[PDB]
């Protein structure tokens, strides 16, 4: 199960107009006694900038991730199909590449969030 606590836990809302970049924030809280590594993935990678898109969260700490929806012609009739995934693993004791490739599938935790466009 996911160790991190996400606010919002499951739907990311974005408020228009969308003639400019619209940011929504994702709070990642680590309530646990261990460092936790995270990486953000999306079903629509061209459509968003995510900053940071990965990192490490110290025990007890919180990191707020900025999710930047790129501008587009908004169809108030089309409901978003976009999703995000926050993948996590407890931090091992140099390199973050090496960390993800070494990770056993049993170690990995995911949260998924659905995006929602409101006007």
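Residue numbers count along the first chain shown, from 1.
Going from residue 93 to residue 94, you skip over 1 to 3 residues of the deposited sequence that the entry leaves unmodelled. The mean Cα B-factor in the deposited entry runs higher for 95-103 than for the other of 95-103 and 15-23. Among 53, 32, 77, 43, the highest C-alpha B-factor recorded in the PDB entry belongs to 32. Residue 81: CA B factor in the highest third of modelled residues in this chain (values from the PDB entry).
Ranked by Cα temperature factor within the chain, residue 89 sits in the lowest third according to the deposited record. In the deposited entry, the Cα temperature factor of residue 69 sits in the bottom third of values across the chain's modelled residues.
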